[PDB]
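Novice: Structure file upload.json (JSON, C-alpha atoms) is given on the next line.
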```
[["chain", "number", "residue", "atom", "x", "y", "z"],
["M", 1, "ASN", "CA", 0.00, 0.00, 0.00],
["M", 2, "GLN", "CA", 2.97, 2.33, 0.58],
["M", 3, "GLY", "CA", 3.21, 2.91, -3.19],
["M", 4, "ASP", "CA", 4.22, -0.75, -3.54],
["M", 5, "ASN", "CA", 2.57, -4.16, -3.01],
["M", 6, "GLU", "CA", 3.17, -7.62, -4.55],
["M", 7, "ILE", "CA", 3.09, -11.34, -3.61],
["M", 8, "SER", "CA", 4.12, -14.69, -5.18],
["M", 9, "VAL", "CA", 3.16, -18.37, -4.79],
["M", 10, "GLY", "CA", 5.50, -21.00, -6.27],
["M", 11, "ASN", "CA", 6.27, -20.00, -9.89],
["M", 12, "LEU", "CA", 3.44, -17.40, -9.97],
["M", 13, "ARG", "CA", 4.18, -13.71, -9.21],
["M", 14, "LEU", "CA", 1.51, -11.00, -8.66],
["M", 15, "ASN", "CA", 1.87, -7.17, -8.55],
["M", 16, "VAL", "CA", -1.14, -5.12, -7.36],
["M", 17, "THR", "CA", 0.86, -1.91, -7.93],
["M", 18, "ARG", "CA", 1.15, -2.58, -11.70],
["M", 19, "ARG", "CA", -1.78, -5.02, -11.59],
["M", 20, "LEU", "CA", 0.09, -7.73, -13.59],
["M", 21, "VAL", "CA", 0.71, -11.47, -12.95],
["M", 22, "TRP", "CA", 3.50, -13.69, -14.37],
["M", 23, "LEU", "CA", 3.32, -17.49, -14.88],
["M", 24, "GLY", "CA", 6.33, -19.73, -15.53],
["M", 25, "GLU", "CA", 8.48, -16.59, -15.78],
["M", 26, "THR", "CA", 6.17, -15.66, -18.74],
["M", 27, "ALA", "CA", 3.75, -12.70, -18.63],
["M", 28, "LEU", "CA", 0.24, -14.23, -18.52],
["M", 29, "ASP", "CA", -2.58, -12.23, -20.22],
["M", 30, "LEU", "CA", -5.70, -12.11, -17.98],
["M", 31, "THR", "CA", -8.57, -9.58, -18.12],
["M", 32, "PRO", "CA", -8.44, -6.98, -15.24],
["M", 33, "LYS", "CA", -11.60, -8.54, -13.75],
["M", 34, "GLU", "CA", -9.79, -11.87, -13.27],
["M", 35, "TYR", "CA", -6.99, -9.95, -11.51],
["M", 36, "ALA", "CA", -9.53, -9.01, -8.80],
["M", 37, "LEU", "CA", -10.99, -12.48, -8.22],
["M", 38, "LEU", "CA", -7.50, -13.94, -8.73],
["M", 39, "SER", "CA", -5.94, -11.47, -6.27],
["M", 40, "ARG", "CA", -8.24, -13.09, -3.68],
["M", 41, "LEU", "CA", -7.17, -16.64, -4.63],
["M", 42, "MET", "CA", -3.53, -15.80, -3.79],
["M", 43, "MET", "CA", -4.61, -13.78, -0.73],
["M", 44, "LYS", "CA", -5.50, -17.17, 0.87],
["M", 45, "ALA", "CA", -3.03, -19.50, -0.89],
["M", 46, "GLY", "CA", -3.23, -22.72, 1.18],
["M", 47, "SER", "CA", -7.01, -23.22, 1.66],
["M", 48, "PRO", "CA", -10.12, -23.32, -0.61],
["M", 49, "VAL", "CA", -11.41, -19.76, -1.22],
["M", 50, "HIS", "CA", -15.22, -19.46, -1.22],
["M", 51, "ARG", "CA", -16.59, -18.67, -4.72],
["M", 52, "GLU", "CA", -18.99, -16.03, -3.32],
["M", 53, "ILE", "CA", -16.11, -13.86, -2.06],
["M", 54, "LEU", "CA", -14.63, -13.77, -5.58],
["M", 55, "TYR", "CA", -17.92, -12.53, -7.05],
["M", 56, "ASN", "CA", -17.96, -10.03, -4.17],
["M", 57, "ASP", "CA", -14.51, -8.78, -5.25],
["M", 58, "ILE", "CA", -15.93, -6.79, -8.19],
["M", 59, "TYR", "CA", -19.51, -6.57, -6.86],
["M", 60, "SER", "CA", -21.57, -8.13, -4.01],
["M", 61, "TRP", "CA", -24.95, -6.64, -4.99],
["M", 62, "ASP", "CA", -25.95, -9.97, -6.62],
["M", 63, "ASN", "CA", -28.71, -9.05, -9.11],
["M", 64, "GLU", "CA", -30.80, -11.95, -10.51],
["M", 65, "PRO", "CA", -28.71, -13.95, -13.06],
["M", 66, "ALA", "CA", -30.98, -16.98, -13.62],
["M", 67, "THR", "CA", -29.21, -17.85, -16.89],
["M", 68, "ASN", "CA", -25.82, -19.60, -16.61],
["M", 69, "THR", "CA", -23.01, -17.09, -17.27],
["M", 70, "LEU", "CA", -21.28, -16.12, -14.02],
["M", 71, "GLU", "CA", -19.96, -19.67, -13.51],
["M", 72, "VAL", "CA", -19.24, -19.96, -17.25],
["M", 73, "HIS", "CA", -17.28, -16.69, -17.27],
["M", 74, "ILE", "CA", -15.03, -18.34, -14.68],
["M", 75, "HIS", "CA", -14.68, -21.36, -16.97],
["M", 76, "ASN", "CA", -13.54, -18.95, -19.70],
["M", 77, "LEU", "CA", -11.09, -17.23, -17.33],
["M", 78, "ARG", "CA", -10.08, -20.65, -15.95],
["M", 79, "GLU", "CA", -8.26, -21.45, -19.22],
["M", 80, "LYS", "CA", -6.56, -18.02, -19.05],
["M", 81, "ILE", "CA", -5.01, -18.56, -15.59],
["M", 82, "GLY", "CA", -3.88, -22.02, -16.73],
["M", 83, "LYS", "CA", -5.53, -24.56, -14.40],
["M", 84, "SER", "CA", -2.12, -26.26, -14.65],
["M", 85, "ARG", "CA", -0.52, -23.99, -12.01],
["M", 86, "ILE", "CA", -3.85, -23.82, -10.09],
["M", 87, "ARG", "CA", -5.83, -26.45, -8.10],
["M", 88, "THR", "CA", -9.65, -26.38, -7.79],
["M", 89, "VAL", "CA", -11.18, -27.94, -4.63],
["M", 90, "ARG", "CA", -14.54, -29.47, -5.64],
["M", 91, "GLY", "CA", -17.33, -27.04, -6.63],
["M", 92, "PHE", "CA", -16.89, -24.99, -3.41],
["M", 93, "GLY", "CA", -13.70, -22.92, -3.83],
["M", 94, "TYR", "CA", -10.23, -22.63, -5.44],
["M", 95, "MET", "CA", -6.71, -23.13, -4.00],
["M", 96, "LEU", "CA", -3.21, -22.46, -5.37],
["M", 97, "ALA", "CA", -0.42, -25.02, -4.79],
["M", 98, "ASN", "CA", 1.38, -23.49, -1.78],
["M", 99, "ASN", "CA", 4.78, -24.51, -3.19],
["M", 100, "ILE", "CA", 3.74, -28.17, -2.76],
["M", 101, "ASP", "CA", 6.08, -29.00, -5.64],
["M", 102, "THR", "CA", 9.16, -28.60, -3.42],
["M", 103, "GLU", "CA", 7.85, -31.36, -1.13]]
```
Write out the structure in this file as structure tokens.

Specialist:
Amino acid sequence: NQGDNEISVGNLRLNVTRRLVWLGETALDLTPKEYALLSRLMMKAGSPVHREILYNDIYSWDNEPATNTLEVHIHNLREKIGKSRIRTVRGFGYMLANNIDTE
């Protein structure tokens, strides 16, 4: 917050100051919206993050989306973040590998 703020988890680096995220030392291209919900995923890297808090990241007014689209948008963004370096925990939340690769 002091004009600087960034965090990393394994081979993934995040920078809220510039609002950019790297993956495998390569700059990953994700829409700004994903950076908000994603910023929450890393905020709690080690446990399953509720899916409602992510939706609350950009807005928690919850209108009345009866048609499927909010969960599908995540499926579209899912391929952008590369599920490879991510780990989903059942249909309840998401969790990043807390450097589980290095034993």

Novice: Pull the neighbourhood of (-5.8, -7.7, -9.4) for me: all residues within 6 Å in file coordinates, counting all atoms listed in the file, as a ChimeraX atom specification.

Specialist: /M:16,19,35-36,39

Novice: Using only C-alpha atoms, which protein or nucleic acid residues come within 9 Å of residue 7 of chain M? Drop anything in the same chain fewer than 3 positions from it, and give the result as an MDAnalysis selection string.

Specialist: chainID M and resid 12:16 42:43

Novice: Fewer than 4 positions away in the same chain doesn't count, so skip those; otherwise give me all residues within 9 Å of residue 98 of chain M, counting all atoms listed in the file, as a PyMOL selection string.

Specialist: chain M and resi 9-10+45-46

Novice: Please, what distance in Å, to one decimal, runs between atom CA of residue 80 of chain M and atom CA of residue 29 of chain M?

Specialist: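 Interatomic distance, atom CA of residue 80 of chain M to atom CA of residue 29 of chain M: 7.1 Å.
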
Novice: Nearest residue to residue 92 of chain M out of M:53, M:30, M:21, M:37, using all atoms listed in the file?

Specialist: M:53

Novice: What is the atom CA of residue 81 of chain M to atom CA of residue 2 of chain M distance in Å?

Specialist: 27.6 Å

Novice: Neighbourhood query: residues within 12 Å of (-10.5, -16.6, -17.5), file coordinates, counting only C-alpha atoms; return as a list in words.

Specialist: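 Residues with an atom close enough to that point: residues 28, 29, 30, 31, 32, 33, 34, 35, 36, 37, 38, 70, 71, 72, 73, 74, 75, 76, 77, 78, 79, 80, 81, 82 and 83 of chain M.
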
Novice: Quick one: residues within 10 Å of residue 94 of chain M, all atoms listed in the file, excluding same-chain residues fewer than 2 positions away - as number ranges by chain?

Specialist: M: 38, 40-42, 44-51, 54, 86-92, 96

Novice: Just to confirm, what's the straight-line distance from atom CA of residue 18 of chain M to atom CA of residue 52 of chain M in Å (one decimal)?

Specialist: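 Spanning atom CA of residue 18 of chain M to atom CA of residue 52 of chain M is a straight-line distance of 25.6 Å.
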
Novice: Of the candidates M:85, M:56, M:67, M:4, which shows the shortest atom-to-atom distance to residue 99 of chain M, using only C-alpha atoms?

Specialist: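 Of M:85, M:56, M:67, M:4, the one nearest residue 99 of chain M is M:85, counting only C-alpha atoms.
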
Novice: May I ask you to restore N, CA, C and O atoms in segment 3-19 of chain M and write the result as a PDB file, in the frame of the given file?

Specialist:
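Output below, filename selection.pdb:
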```
ATOM      1  N   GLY M   3       2.707   2.686  -1.804  1.00  0.00           N
ATOM      2  CA  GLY M   3       3.210   2.910  -3.190  1.00  0.00           C
ATOM      3  C   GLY M   3       3.874   1.636  -3.704  1.00  0.00           C
ATOM      4  O   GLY M   3       4.627   1.659  -4.658  1.00  0.00           O
ATOM      5  N   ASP M   4       3.599   0.521  -3.084  1.00  0.00           N
ATOM      6  CA  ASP M   4       4.220  -0.750  -3.540  1.00  0.00           C
ATOM      7  C   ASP M   4       3.510  -1.934  -2.868  1.00  0.00           C
ATOM      8  O   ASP M   4       3.201  -1.898  -1.693  1.00  0.00           O
ATOM      9  N   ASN M   5       3.255  -2.981  -3.603  1.00  0.00           N
ATOM     10  CA  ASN M   5       2.570  -4.160  -3.010  1.00  0.00           C
ATOM     11  C   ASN M   5       2.593  -5.318  -4.014  1.00  0.00           C
ATOM     12  O   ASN M   5       2.154  -5.183  -5.142  1.00  0.00           O
ATOM     13  N   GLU M   6       3.108  -6.454  -3.616  1.00  0.00           N
ATOM     14  CA  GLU M   6       3.170  -7.620  -4.550  1.00  0.00           C
ATOM     15  C   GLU M   6       3.347  -8.914  -3.750  1.00  0.00           C
ATOM     16  O   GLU M   6       3.842  -8.912  -2.641  1.00  0.00           O
ATOM     17  N   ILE M   7       2.949 -10.026  -4.317  1.00  0.00           N
ATOM     18  CA  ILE M   7       3.090 -11.340  -3.610  1.00  0.00           C
ATOM     19  C   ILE M   7       3.351 -12.436  -4.648  1.00  0.00           C
ATOM     20  O   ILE M   7       3.122 -12.253  -5.826  1.00  0.00           O
ATOM     21  N   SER M   8       3.835 -13.574  -4.219  1.00  0.00           N
ATOM     22  CA  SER M   8       4.120 -14.690  -5.180  1.00  0.00           C
ATOM     23  C   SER M   8       3.798 -16.027  -4.524  1.00  0.00           C
ATOM     24  O   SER M   8       3.824 -16.170  -3.318  1.00  0.00           O
ATOM     25  N   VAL M   9       3.495 -17.013  -5.325  1.00  0.00           N
ATOM     26  CA  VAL M   9       3.160 -18.370  -4.790  1.00  0.00           C
ATOM     27  C   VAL M   9       3.745 -19.425  -5.726  1.00  0.00           C
ATOM     28  O   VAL M   9       3.176 -19.736  -6.753  1.00  0.00           O
ATOM     29  N   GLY M  10       4.880 -19.970  -5.387  1.00  0.00           N
ATOM     30  CA  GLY M  10       5.500 -21.000  -6.270  1.00  0.00           C
ATOM     31  C   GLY M  10       6.141 -20.307  -7.473  1.00  0.00           C
ATOM     32  O   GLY M  10       7.025 -19.484  -7.331  1.00  0.00           O
ATOM     33  N   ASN M  11       5.697 -20.636  -8.660  1.00  0.00           N
ATOM     34  CA  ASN M  11       6.270 -20.000  -9.890  1.00  0.00           C
ATOM     35  C   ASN M  11       5.350 -18.877 -10.374  1.00  0.00           C
ATOM     36  O   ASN M  11       5.500 -18.374 -11.470  1.00  0.00           O
ATOM     37  N   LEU M  12       4.386 -18.485  -9.566  1.00  0.00           N
ATOM     38  CA  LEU M  12       3.440 -17.400  -9.970  1.00  0.00           C
ATOM     39  C   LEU M  12       3.762 -16.122  -9.191  1.00  0.00           C
ATOM     40  O   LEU M  12       3.889 -16.139  -7.982  1.00  0.00           O
ATOM     41  N   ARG M  13       3.881 -15.014  -9.882  1.00  0.00           N
ATOM     42  CA  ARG M  13       4.180 -13.710  -9.210  1.00  0.00           C
ATOM     43  C   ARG M  13       3.022 -12.747  -9.475  1.00  0.00           C
ATOM     44  O   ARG M  13       2.461 -12.731 -10.549  1.00  0.00           O
ATOM     45  N   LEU M  14       2.650 -11.960  -8.493  1.00  0.00           N
ATOM     46  CA  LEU M  14       1.510 -11.000  -8.660  1.00  0.00           C
ATOM     47  C   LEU M  14       1.956  -9.600  -8.221  1.00  0.00           C
ATOM     48  O   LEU M  14       2.710  -9.444  -7.281  1.00  0.00           O
ATOM     49  N   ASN M  15       1.488  -8.581  -8.904  1.00  0.00           N
ATOM     50  CA  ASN M  15       1.870  -7.170  -8.550  1.00  0.00           C
ATOM     51  C   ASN M  15       0.623  -6.279  -8.572  1.00  0.00           C
ATOM     52  O   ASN M  15       0.165  -5.857  -9.614  1.00  0.00           O
ATOM     53  N   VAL M  16       0.076  -5.987  -7.421  1.00  0.00           N
ATOM     54  CA  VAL M  16      -1.140  -5.120  -7.360  1.00  0.00           C
ATOM     55  C   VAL M  16      -0.768  -3.699  -7.790  1.00  0.00           C
ATOM     56  O   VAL M  16      -1.578  -2.974  -8.333  1.00  0.00           O
ATOM     57  N   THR M  17       0.445  -3.291  -7.542  1.00  0.00           N
ATOM     58  CA  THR M  17       0.860  -1.910  -7.930  1.00  0.00           C
ATOM     59  C   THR M  17       0.725  -1.748  -9.446  1.00  0.00           C
ATOM     60  O   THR M  17       0.135  -0.801  -9.927  1.00  0.00           O
ATOM     61  N   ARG M  18       1.257  -2.670 -10.207  1.00  0.00           N
ATOM     62  CA  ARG M  18       1.150  -2.580 -11.700  1.00  0.00           C
ATOM     63  C   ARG M  18      -0.067  -3.383 -12.141  1.00  0.00           C
ATOM     64  O   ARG M  18      -0.532  -3.266 -13.256  1.00  0.00           O
ATOM     65  N   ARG M  19      -0.584  -4.195 -11.261  1.00  0.00           N
ATOM     66  CA  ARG M  19      -1.780  -5.020 -11.590  1.00  0.00           C
ATOM     67  C   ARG M  19      -1.428  -6.013 -12.708  1.00  0.00           C
ATOM     68  O   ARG M  19      -2.137  -6.132 -13.688  1.00  0.00           O
TER      69      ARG M  19
END
```
